[PDB]
Every structure is written in structure tokens, then in C-alpha cells.
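So that the names make sense, note that chain A is the first sequence line, chain B the second, and so on, each numbered from 1.
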Amino acid sequence: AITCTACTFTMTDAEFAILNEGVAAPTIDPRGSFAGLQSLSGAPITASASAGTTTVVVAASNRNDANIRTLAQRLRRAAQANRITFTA
Amino acid sequence: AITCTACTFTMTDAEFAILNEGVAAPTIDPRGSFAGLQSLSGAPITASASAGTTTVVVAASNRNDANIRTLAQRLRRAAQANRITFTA
Amino acid sequence: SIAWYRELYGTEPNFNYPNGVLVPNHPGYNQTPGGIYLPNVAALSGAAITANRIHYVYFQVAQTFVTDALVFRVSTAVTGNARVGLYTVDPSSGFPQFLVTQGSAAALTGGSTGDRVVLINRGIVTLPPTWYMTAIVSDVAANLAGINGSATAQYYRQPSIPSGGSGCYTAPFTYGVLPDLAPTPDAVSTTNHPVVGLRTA
């Protein structure tokens with residue numbers, strides 16, 4: 001009965017644009033860093049933006065081990081490549 | 001700055017006791033499945049119990065890529081070895 | 001001197017390192033049919049329960065027990081119906097999780113003072129030794145035996161230390177057939193501790 005109830009990441013709008021191939025939050029770009037994950041019940045990654053802050057989360061039924069691991073790895077690699085500090 | 005605001009997992013107290021080597025919720029056994037992570041500020045993993053459900057989270061200043069990836073990997077291996085369903 | 005043990009039994013007594021590790025919590029259950037075994041209750045007097053609420057009471061089956069009915073006492077006749085059942089207990093939280101069994105038909109809470117026996121829908125159930133929880137629900141304020149007391153306050157999570165003692169768990173549930181998954185109790189009754197006994201098979 002092991003379940004992941006929250007896997008959220010916080011970025012700025014500019015940094016999300018850098019990691020989403022220049023696209024705003026509503027739409028995950030297929031050629032970005034948030035595309036290519038394992039889809040179990042729909043879109044595995046959902047992004048929202050109210051203020052300049054952008055929140056990227058794994059979907060409700062897509063929060064398996066592999067999606068979390070791959071999202072963390074891709075965030076690390078994109079932060080190192082783009083010199084974006086991963087302050088967490 | 002990319003920040004992980006939530007890395008939370010939910011279990012039953014029985015499963016946690018199985019993987020924490022029989023120890024209760026707020027204690028992390030060094031020979032258990034939640035020990036051996038990279039400590040940045042304090043204890044990288046904190047666990048709590050409520051109504052027979054154990055919540056396991058990564059600490060506030062320990063939520064880097066390595067800790068999240070390793071926690072996911074350890075939960076995968078622990079669930080597969082012990083025939084515990086990973087519902088997410 | 002342990003010399004009497006060999007004379008009575010023919011073998012030496014077995015002392016294990018934790019003294020009392022093998023001692024059962026109950027002396028034993030007489031499986032002669034027609035007998036009723038009660039849970040741990042503080043006072044077997046009448047009190048009116050809240051309608052449309054499931055009352056959960058702990059029952060420690062310390063040894064294997066073969067049962068065939070659920071027996072509950074009505075102290076004063078209130079016209080209505082009641083349903084009884086037996087649930088498992090989650091050891092991690094003490095909450096009821098799964099429905100072991102329930103009565104085949106609802107029991108009458110009025111007409112006379114006495115014992116109402118409800119046949120379980122499985123006929124005969126063999127309970128292995130564990131903690132179970134008897135659940136009783138009614139559509140009226142049925143007056144049933146068992147009130148609050150200090151002898152049972154140790155089994156229930158209290159919001160504060162009471163002065164007259166505590167009763168059983170209560171959960172909100174519209175009267176009807178008891179569900180397979182027990183609704184989570186939300187309050188501890190301050191005056192009601194209904195007793196549901198198991199009839200031996």
C-alpha cells in the first residue's frame with residue numbers, strides 16, 4: 001500500500017520556459033525536459049502558474065517510482081546544463 | 001531556482017514496521033530501508049504516524065535529486081522484495 | 001517447589017525466558033452450545049444509544065472460538081430494529097477494518113426486556129485468537145445493556161480524561177446492512193457501551 005501522495009517542484013516562469021523549450025506553463029512541450037515519461041493514466045506531468053512561480057507535479061495516477069526518478073534526473077541534468085541552481 | 005516542495009509517501013504502519021526493521025514511526029533504523037541517504041542539514045528522512053497510516057517525507061533542506069531518487073529506488077526494491085503493492 | 005507439576009502432569013514445567021509469554025489472556029472458552037461470552041464491560045445496565053450510529057466495542061478472542069450467533073440485551077422496550085456484526089481490528093490503529101460477519105436479519109429492540117439472539121449470515125464462524133470489534137446499529141434510540149465506565153477507558157483514544165468514564169466508539173452510519181469496510185469512528189461515546197455477546201457453537 002505504498003503510494004506517493006505529493007511530488008511537486010517549484011520553479012520560476014523563466015526557468016520553466018528554459019526547460020519547456022520556451023513554452024508557457026499550461027502546455028508541456030513534446031521536445032522539452034518534461035516529455036517522454038511513462039504514461040499510466042494520462043499526461044504524467046502537469047504544470048501550472050499563478051504568479052511568476054510555476055508548479056510542476058506528477059499526475060495523480062502516474063506517480064510511480066520510475067516517473068519520480070526520471071523527473072528528478074531530468075531536472076538535475078537540465079539545471080546543470082543551464083546553470084540553474086537547484087536550491088532544494 | 002528549482003525547488004522540490006513535496007516528496008511524500010504514504011504507507012501502513014505494518015509495512016513501515018516491516019521496512020523500518022520493526023521500529024515505530026518516528027524512528028529511522030540505521031540498518032533499515034530508510035537509512036543511508038545523503039544528509040545535507042539533518043536527518044534526510046522523517047516519518048510520522050496517524051490513524052494507522054505512516055507518512056514518510058524528505059526533510060526540508062535534504063530534498064535534492066539524489067535523496068528523492070534513492071528514496072524512490074529503495075521503496076521500489078523494498079516493495080518488490082516484500083510483495084508490497086505500490087499502488088501509485 | 002515445582003515437584004507437584006510432575007506428579008500431576010508427568011512432565012517438567014516449561015519456563016521460557018519472558019515469564020508469561022505463553023500465558024493466554026483468557027482461561028479458556030467452554031464450547032458447549034447455548035452459552036454466551038461477553039466482552040470486557042464496566043457495567044451491564046441499560047442506556048439509550050444514539051440512532052443511526054454504529055457503536056464499536058472491543059472483544060478479545062484470546063483463544064480459538066467457534067461462534068454461531070450474536071446476542072445483545074435490551075433493557076427497556078423501544079419499538080425499532082437493530083443490526084449487529086463482528087469486524088476485524090487493525091492492530092496498527094485499533095480501528096475496525098473488515099466485516100467478519102453480521103446477523104442474517106435485523107433484531108427487534110422492543111416488545112420485552114431480555115436477550116435478542118441474531119444468527120450470523122455465515123452460520124458458524126471459527127475466530128482465531130485476535131481482537132475483534134462488535135458493531136451495533138439501530139434506527140431508533142434503542143435502550144441496550146452496557147454503560148460507560150473506567151474499566152474500559154484504556155482501550156479507546158480519549159480526547160480528554162473523563163470523570164464518569166468512557167464508552168465505546170461511535171461512527172455516523174445510516175441504519176441498514178453493515179458495510180464490508182467499517183466506517184472510521186469519529187467520537188468516543190460518553191454514556192453508551194452496548195454489549196454484543198458471542199454464542200458458542
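- In this structure, the side chains of C:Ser138 and C:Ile49 come closer than 4.5 Å at one or more pairs of heavy atoms.
- Between the C:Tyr37 side chain and the C:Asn30 main chain, a donor and an acceptor come within less than 3.5 Å of each other.
- Atom OG of A:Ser33 sits about 7.0 Å away from atom CD of A:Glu21, to the nearest 0.5 Å.
- Taking both residues in full, the closest heavy atoms of B:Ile68 and A:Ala72 are given as CG2-CB, 4.5 Å, listed atom of the first, atom of the second, then distance.
- No hydrogens or angles considered: nothing links the side chains of A:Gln73 and A:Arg69 as a donor-acceptor pair under 3.5 Å.
- The closest donor-acceptor contact from the side chain of B:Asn82 to the backbone of B:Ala78 lies under 3.5 Å.
- Residues C:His193 and C:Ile147 are not in side-chain contact: their nearest non-hydrogen atoms beyond the backbone lie 4.5 Å or more apart.
- Using a 4.0 Å cut-off between charged nitrogen and carboxylate oxygen, C:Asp186 and C:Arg53 count as a salt-bridge pair.
- In this structure, the side chains of C:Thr67 and C:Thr101 stay at 4.5 Å or more apart for every pair of heavy atoms.
- Residues C:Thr134 and C:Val84 fail the side-chain proximity criterion, which asks for heavy atoms closer than 4.5 Å.
- Checking side-chain atoms of C:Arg83 against main-chain N and O of C:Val137 turns up no donor-acceptor pair under 3.5 Å.
- For the pair B:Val56 and B:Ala47, the tightest heavy-atom approach, listed with the atom from each and the gap, is CG2-CB, 3.9 Å.
- In plain terms, the two heavy atoms of B:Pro44 and B:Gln38 that are nearest each other are CB-O, 3.9 Å.
- Classification of A:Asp29 and A:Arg31 as a salt-bridged pair holds, one side-chain N sitting under 4.0 Å from a carboxylate O.
- Connection of A:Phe86 to A:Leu71 is established within a shared hydrophobic cluster, with ILVMFWY side chains joined at heavy-atom distances below 4.5 Å, either directly or through further cluster members.
- No donor-acceptor distance shorter than 3.5 angstrom exists from the side chain of C:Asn81 to the backbone of C:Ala106, with no hydrogens or angles considered.
- A heavy-atom distance below 4.5 Å is not found between the side chains of C:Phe15 and C:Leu22.
- Of the listed residues (C:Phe98, C:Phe59, C:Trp131, C:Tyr56), just one forms a ring-ring contact (aromatic ring centres under 6.0 Å, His included) with C:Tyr87, and that residue is C:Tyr56.
- The same ILVMFWY cluster, assembled from side-chain heavy atoms under 4.5 Å apart, contains both C:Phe173 and C:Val188.
- Closest of all the heavy-atom pairs between C:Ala62 and C:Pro129 is O-CB, 3.3 Å.
- For C:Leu8, the CG atom counts as densely surrounded, since its 6.0 Å shell holds more than 12 non-hydrogen atoms of other residues, nucleotides or ligands.
- Put simply, the side chain of B:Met11 does not reach to within 4.5 Å of the side chain of B:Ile84, judged on heavy atoms.
- Rounded to the nearest 0.5 angstrom, A:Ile18 CD1 and A:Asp13 CG are separated by 11.0 Å.
- Hydrophobic side-chain contacts under 4.5 Å tie C:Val66 into a cluster, directly or through other members, with C:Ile124.
- Shown here for C:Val89 and C:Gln97, the closest heavy-atom pair between the two residues is O-NE2, 3.7 Å.
- The aromatic rings of C:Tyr29 and C:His26 lie parallel to each other, with less than 30° between the two planes, well short of the 60° mark.
- Every residue two or more places apart in sequence or in another chain that forms a side chain to side chain contact (heavy atoms under 4.5 Å, CB included) with B:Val57 is listed here: B:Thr8, B:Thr46, B:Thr55.
- Nearest heavy-atom pair across C:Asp68 and C:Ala201 is CB-CB, 3.7 Å.
- Cluster membership for A:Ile2 and B:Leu37, using ILVMFWY side-chain heavy atoms within less than 4.5 angstrom, is shared.
- Side-chain N or O atoms of C:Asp180 include none that pairs as donor or acceptor with a backbone N or O of C:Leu99 at under 3.5 Å.
- One finds the CG atom of C:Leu198 at 10.0 Å from the CD1 atom of C:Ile36 (value rounded to the nearest 0.5 Å).
- Remark: the backbone N or O of A:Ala88 is not paired with any side-chain donor or acceptor of B:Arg63 at under 3.5 angstrom.
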message: Run the side-chain hydrogen bond (donor to acceptor under 3.5 Å, both in side chains) test on B:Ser41 and B:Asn62 for me, step by step, so that the C-alpha distance in whole Å, both residues' side-chain angles and the decisive distance to 0.1 Å come before the verdict.
response: CA-CA 7 Å; B:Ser41 50; B:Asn62 292 296; 3.2 Å; yes
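- Checking side-chain atoms of C:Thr79 against main-chain N and O of C:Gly110 turns up no donor-acceptor pair under 3.5 Å.
- By the rule that hydrophobic residues join a cluster once side-chain heavy atoms approach within less than 4.5 Å of another member, A:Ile45 and A:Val23 end up as members of separate clusters.
- Residues C:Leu70 and C:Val100 are members of one and the same hydrophobic cluster, defined by side-chain heavy-atom contacts under 4.5 angstrom among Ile, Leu, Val, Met, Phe, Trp and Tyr.
- A donor-acceptor pair is defined here as one N or O able to donate and one able to accept, closer than 3.5 Å; no such pair exists between the side chain of A:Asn20 and the backbone of A:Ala25.
- Taking the side chain as every heavy atom from C-beta outward, C:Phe72 and C:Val74 approach each other to under 4.5 Å.
- Looking at B:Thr10 and B:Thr54, their side chains never come closer than 4.5 Å, going by heavy atoms from C-beta outward.
- Atoms CZ and CZ, on C:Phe95 and C:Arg157 in that order, are 7.5 Å from each other to the nearest 0.5 Å.
- Although no hydrogens or angles enter the test, the distance criterion places no donor-acceptor pair under 3.5 Å between the side chain of B:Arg76 and the main chain of A:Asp65.
- In terms of modelled atom types and a separation under 3.5 Å, the side chain of C:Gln102 and the main chain of C:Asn121 share no donor-acceptor contact.
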